[PDB]
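*Asks:* please work out how this folds:
(9 chains)
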Amino acid sequence: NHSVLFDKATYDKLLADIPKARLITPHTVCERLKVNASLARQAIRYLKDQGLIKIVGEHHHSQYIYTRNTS
Amino acid sequence: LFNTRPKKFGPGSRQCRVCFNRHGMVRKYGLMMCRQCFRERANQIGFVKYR
Amino acid sequence: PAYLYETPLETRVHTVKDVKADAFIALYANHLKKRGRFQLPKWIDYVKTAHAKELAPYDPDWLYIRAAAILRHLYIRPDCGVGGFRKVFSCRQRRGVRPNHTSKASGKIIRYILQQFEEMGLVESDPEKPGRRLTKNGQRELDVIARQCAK
Amino acid sequence: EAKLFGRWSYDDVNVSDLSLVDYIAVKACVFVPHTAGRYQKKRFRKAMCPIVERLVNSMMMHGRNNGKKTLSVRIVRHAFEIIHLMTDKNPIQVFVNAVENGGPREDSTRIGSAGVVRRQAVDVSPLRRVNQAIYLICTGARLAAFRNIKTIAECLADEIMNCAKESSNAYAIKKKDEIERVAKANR
Amino acid sequence: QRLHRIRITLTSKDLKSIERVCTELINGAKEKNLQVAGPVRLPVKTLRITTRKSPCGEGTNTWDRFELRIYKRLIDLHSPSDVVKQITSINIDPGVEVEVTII
Amino acid sequence: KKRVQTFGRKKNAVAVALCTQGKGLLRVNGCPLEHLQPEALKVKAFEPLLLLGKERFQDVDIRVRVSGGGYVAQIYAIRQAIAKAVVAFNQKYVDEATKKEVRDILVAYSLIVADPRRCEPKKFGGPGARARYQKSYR
Amino acid sequence: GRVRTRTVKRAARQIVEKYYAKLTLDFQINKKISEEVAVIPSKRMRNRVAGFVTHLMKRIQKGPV
Amino acid sequence: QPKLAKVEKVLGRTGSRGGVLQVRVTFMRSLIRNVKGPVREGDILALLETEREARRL
RNA sequence: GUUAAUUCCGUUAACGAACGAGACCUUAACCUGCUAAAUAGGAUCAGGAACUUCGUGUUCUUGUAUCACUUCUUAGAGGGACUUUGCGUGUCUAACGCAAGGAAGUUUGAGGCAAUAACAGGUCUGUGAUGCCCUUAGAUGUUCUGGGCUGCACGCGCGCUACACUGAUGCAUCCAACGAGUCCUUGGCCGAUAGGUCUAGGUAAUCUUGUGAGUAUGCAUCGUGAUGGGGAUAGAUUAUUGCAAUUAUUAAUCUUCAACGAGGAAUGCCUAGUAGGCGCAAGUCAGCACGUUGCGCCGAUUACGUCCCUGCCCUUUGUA
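*Replies:* Numbering: from 1, shown residues only, chains lettered A, B, ... in the order given. Please see the structure below:
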């Protein structure tokens, strides 16, 4: 069902798209988007390093669970 | 020539001293006792069952 | 609500046991590259690390982290050898349709890394005494980078 | 003191409604849901445990997932974090209000007056309504994420919030009204 | 004579057979008043066989749980070997294997 | 010197917590309590620190030596051995009235008692202890 | 249930007939007292008879038995 | 909707399999009802029907 | 009436007894007590290494090194629960329930032992336990070479692994108890692996071994696709046991990549360290466990009732 590459049309949107949402998970990326969970991990890892968003808890190795930054 | 294979190992090698039976051979601690033979004489050896 | 609790005093950073064991290996694996000394095998393309494992390791620095882990493990138990280190990296083999069992680790790769530490002279025999042990220069190599990682 | 995971305080908050009160075990309380202790020698030691312990305890199913309490501690520790994320207040007050509304009110027993297997209307006890609540919470969350690539913690967090709510989307709040469908008729 | 050290092994099936020997040989030493330490009771090596009760396969598959028990116990001394031969040779017990050993 | 040594027991685990006068350091074999994976149960070990307080323990040190049991059973042995240490530390040296405070606040919260549930033996004609195999009929 | 057989009854009943003097309502002196006057082989049996001796002494205190 | 009622005393145990259990209640008045699970004296429970009295036995 | 019980108190043309039950025996729970241990340790006192050099500041290591000790370890002697105490429940007799105390209060948990009658139960293939019959050299005795018990249109019974994301995979972290050996195997070199080779300790609380067991934990990649879940089916190669491996004894290395998406009607097992899951060890054994018998580890849900189903025990009752 799902798209595997970035899709560089939606990369310009994806800067705007994810910081709107209240829940930020593996699932909420492919909720808004229609791509496999794997991109979502490297997306929210990219949005840690470059972008805004922050960890709810320091970390875990299975369920990530970020918030919007609120700034 | 006749009347001997290599008879060194396996159940054909060895038999119960008391009844000459290979089957059910208890070889723990070097008993060489067929089980039918072993259970009835077990008290006389030393073995007393509890729990 | 932030996380509570400490120990009564702020914990001393001196010896290697005070360092968390995974975070030690993260530093000292990178130390093996940047120093240069240790030297590569030929066979690195093959392996997988065990008879039991059905696939090769993903990370290309699987040898350095293994040589990092084994060197600190000499400090935990002083006396050990190759059949000892086969047990410590044992794992669940999957037999097939049958039930699962234990299995021992690879003997080539675990022996070779020790011989490379012998060439520098951090871990050594012990020719009469059964089992390898770390020397004086082995400890000061470990304990100097124990203070660095927490810093 | 006493806080769950150290990020929450047992102190404060309140039971939602009359009944199912004192049956629940809050108030004092233990950081970490887990406790290995003797709770099954008498028949009302079962409502001495705090219900967060009874959630993690009954969250292990079926044959494959039984045991591994340490694993069920993690996914509940994530679930209470997510509950906090939406409609933030107290994960426990939302969870206590969920298990209030979760379990069924009435039930059909088989009393025939000799010969027949005939149904009859019977109200449910306060203990069984807590027993059924935590069971029905989980079996929604497990079934929701069984084939879907959604973490169980997500299902549990979602299931708990829904139960507090009157959405009826939940498996638990449906299976309340599915019993109360037939329990109305058996009067 | 010379300063020696002797540590005498005791083994049997019965408890009651050795508790004669442990009480007797320490009092036999305390005739001469040698440097006795008390009897060091080692862990019990319980032997075990489980056979089926029935000769043939019939009925429910029931099992015996047979057991031996073996009791290693050690009387300690510091004394020469000519002295100890009087103590051991008198008061030998029925069905108790005993072996004297220097060091 | 001030010394007491104490033991806890979960299942087949056992954990000899020696404790002495010193700086305020609590250690298993030679770790800090900060490690002790599983980490989730790390909080569990710190249980007698949280109830009693930090400023009691800073007069002493504790050094624990553990074997038997498993992962979870080793934590419950250390859990008991730290709590049993500081209670028993009074009897010898520190005033005997304050034992009744420090013990019964922990008892108000089996930290000294040790629950004796041990593994019941297997019996024949079945896989488990009480479990049996399967009857066939016809 | 903790119902005591006629071997347990007869022994404890025979003690209070003749050795009524001595033993008090208290248990932990009677446990000791029972062993000395009469032979009892096992440790479990000596408590069970001695408990019933103090049960009889309570009933003798309460009324005529 | 639901209206609460306090248990006076357990009366017996009812039905063929014996799972359902019979209770005298008091509103918050008295009548006899059947209840499912584990119940004891000094206990309070919700009823949708304030009427509908169970058979004595 | 009471009990797990023909177990008790009591009622009485019965009285006094015996076996079974109970007691008993073994094991599991708690003793800062008793009595000890160069074949279990701890603490000491002196030395070595490393970081710190903060200072007797944290962590490893050392010795018939010691003076002297027994909390864990081991096991002889013992103590300990009597439903003791409080309040209910009863001709308040036998005894129940609940709460407090306590290591422990279902007879404290779990087993061994097991009566009288029997059943045309099973075993002449456990036997030098045996009557009778058979056959006894062209053998149904015995023993040697080879095959067979493993042969497959298809029914039925105990088990194992599965269907996944509470997961699979790759790395790292660190924890058990029962055994068992004249074979169990450390140590060093060779080899991707299996395994081999040269030394080496062990008649075993001393050596293998503190058997660094796996569910578990931490950090990564995979993304709902029968996919990397699943590992059947199949070709080709390298070692191992044996005198001999083909119908392939196993163990490896590469491939080959099916059925199966929680199981129809029926029906089994089970109440607390229990169910279930996860390994380990022993028995048979030259070699082979998906089996049985024991052992621990992680550790829930739900009852504390009942005679509806399926059986059981005792009375009164009916019977061709």
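*Asks:* and for the residue of chain B found nearest chain D, the neighbour number?
*Replies:* Nearest residue of chain B to chain D (CB to the nearest CB) works out as residue B:51 at 25.0 Å. In short, each C-beta sits where N, CA and C put it, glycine included. Using other CB atoms under 10 Å in any protein chain shown, residue B:51 has 5 neighbouring residues.
*Asks:* next up, the contacts around it.
*Replies:* Shown in contact with residue B:51 (CB atoms under 8 Å, 6 or more residues apart in numbering or on different chains): E:65, F:121.
*Asks:* make sure it is indeed in a strand.
*Replies:* No: with DSSP: H, G, I helix; E, B strand; the rest coil as the criterion, residue B:51 is located in coil rather than a strand.
*Asks:* separation between it and residue E:60?
*Replies:* Distance from residue B:51 to residue E:60, counting by CB to CB, to the nearest Å: 19 Å.
*Asks:* so which bits of chain D are right by chain H?
*Replies:* D:18-19, D:21, D:43-44, D:105-107, D:109-112, D:120-129, D:131, D:187 (CB under 8 Å from any CB of the partner chain).
*Asks:* for residue D:120, helix, strand, or coil?
*Replies:* At residue D:120 the chain is in strand, as set by three-state DSSP.
*Asks:* returning to what we had before: any idea how far the residue of chain B closest to chain D lies from residue E:43?
*Replies:* Noted for residue B:51: a distance of 19 Å to residue E:43, by CB to CB.
*Asks:* which residues of chain C lie near chain F?
*Replies:* Contact residues, chain C versus chain F (CB under 8 Å from any CB): C:4-9, C:11-12, C:15, C:17-18, C:20-21.
*Asks:* apply 7 Å and report the result again.
*Replies:* Residues of chain C that fall close to chain F, judged by CB under 7 Å from any CB of the partner chain: C:5, C:7-9, C:11, C:17-18, C:20.
*Asks:* show me which of those are buried.
*Replies:* Buried subset of the residues of chain C next to chain F (neighbour count, 16 or more other CB atoms under 10 Å in any protein chain shown): C:7-8, C:17-18, C:20.
*Asks:* neighbours of whichever residue of chain A sits closest to chain B, how many?
*Replies:* As assessed by CB to the nearest CB, chain B sits closest to residue A:62 within chain A, at 46.1 Å. Using other CB under 10 Å, residue A:62 is surrounded by 11 other residues.
*Asks:* before we move on, what about the one 4 residues further on?
*Replies:* For residue A:66, the number of neighbouring residues by other CB under 10 Å comes to 20.
*Asks:* tell me the bridge partners for it.
*Replies:* residue A:24, residue A:55 (DSSP bridges).
*Asks:* what is the one residue in chain E that gets nearest to chain F paired to in the beta sheet?
*Replies:* Among the residues of chain E, residue E:63 lies closest to chain F, at 4.5 Å counting by CB to the nearest CB. Beta-bridge pairing for residue E:63 (DSSP bridges): residue E:52.
*Asks:* wait, what's in contact with it?
*Replies:* Each residue near residue E:63 by CB atoms under 7 Å, 6 or more residues apart in numbering or on different chains is listed here: E:50, E:52-53, F:124.
*Asks:* at 10 Å instead, please
*Replies:* Residue E:63 is in contact with B:49, E:50-54, F:123-125, counting by CB atoms under 10 Å, 6 or more residues apart in numbering or on different chains.
*Asks:* try residue D:3
*Replies:* By CB under 10 Å, 6+ apart, residue D:3 lies in contact with C:1, C:4, D:9-11, D:29-32, F:50.
*Asks:* go through these and say which is closest to residue E:82.
*Replies:* residue F:50 (68.2 Å; CB to CB).
*Asks:* would you tell me what the next helix or strand after the helix or strand containing the closest one is?
*Replies:* According to DSSP states H and E, residue F:50 maps onto helix F:47-52. For helix F:47-52, the following helix or strand on the C-terminal side (DSSP H and E) is helix F:54-57.
*Asks:* who touches that following helix?
*Replies:* C:5-9, F:19, F:24-26, F:48-49, F:82, F:85-86, F:89, F:94, F:98, F:102.
*Asks:* and it with RNA strand I, contact?
*Replies:* No: using CB under 7 Å from any atom of the strand, we find that helix F:54-57 stays clear of RNA strand I, coming within 14.0 Å at best.
*Asks:* in the helix or strand just after that helix, what's buried?
*Replies:* Using DSSP H and E, the helix or strand that directly follows helix F:54-57 along the chain is strand F:60-67. Buried positions in strand F:60-67, judged by neighbour count with 16+ other CB under 10 Å: F:60-66.
*Asks:* could you do stretch D:35-48 as well?
*Replies:* Across stretch D:35-48, burial judged by 16+ other CB under 10 Å covers D:46-47.
*Asks:* for the nearest residue to residue C:56 once chain neighbours are set aside, which residues are in contact?
*Replies:* Counting by CB to CB, 6 or more residues apart in numbering or on different chains, residue C:48 is the residue found nearest to residue C:56 once chain neighbours are left out, at 4.4 Å. By CB under 10 Å, 6+ apart, the residues touching residue C:48 are C:54-57, C:62, C:106, C:109.
*Asks:* skipping its backbone neighbours, what lies nearest residue H:17 in space?
*Replies:* Closest to residue H:17 by CB to CB, 6+ apart is residue D:110, at 7.5 Å.
*Asks:* repeat that for residue C:108.
*Replies:* Once flanking residues are discounted, residue C:108 sits nearest to residue C:43: 7.8 Å by CB to CB, 6+ apart.
*Asks:* repeat for residue D:98
*Replies:* Distances taken as CB to CB, 6+ apart place residue D:163 nearest to residue D:98, at 3.9 Å, with adjacent residues excluded.
*Asks:* for that neighbour, give its distance to residue E:26.
*Replies:* Using CB to CB, residue D:163 is found at 75 Å from residue E:26.
*Asks:* neighbour count winner among those two?
*Replies:* The neighbour comparison of residue D:163 against residue E:26 (other CB under 10 Å) goes to residue D:163, with 29 against 17.
*Asks:* in terms of helices and strands, where is residue D:99?
*Replies:* Element membership for residue D:99, per DSSP H and E: helix D:91-102.
*Asks:* hmm, I was thinking of residue F:81
*Replies:* helix F:72-92.
*Asks:* in that helix, what counts as buried?
*Replies:* F:72-90.
*Asks:* centre of the chain versus the following helix or strand past it, how much separation?
*Replies:* Reading on from helix F:72-92 to the C-terminus, the next helix or strand found by DSSP H and E is helix F:97-108. With CA atoms, centre = their mean, to the nearest Å as the basis, helix F:97-108 stands 17 Å off its chain's centre.
*Asks:* how about stretch F:105-119?
*Replies:* Counting by CA atoms, centre = their mean, stretch F:105-119 comes out at 9 Å from the chain centroid.
*Asks:* what residues does the residue of chain A found nearest chain E make contact with?
*Replies:* Nearest to chain E in chain A, going by CB to the nearest CB, is residue A:61, at a distance of 44.4 Å. By CB under 10 Å, 6+ apart, the residues touching residue A:61 are residue D:74.
*Asks:* look up how far residue D:73 lies from it.
*Replies:* 15 Å.
*Asks:* grab the nearest non-local neighbour of residue C:66.
*Replies:* Here the residue nearest residue C:66, using CB to CB, 6+ apart, is residue C:113, at 6.6 Å.
*Asks:* quick one: secondary structure of the one you found?
*Replies:* helix.
*Asks:* many thanks, have a good one.
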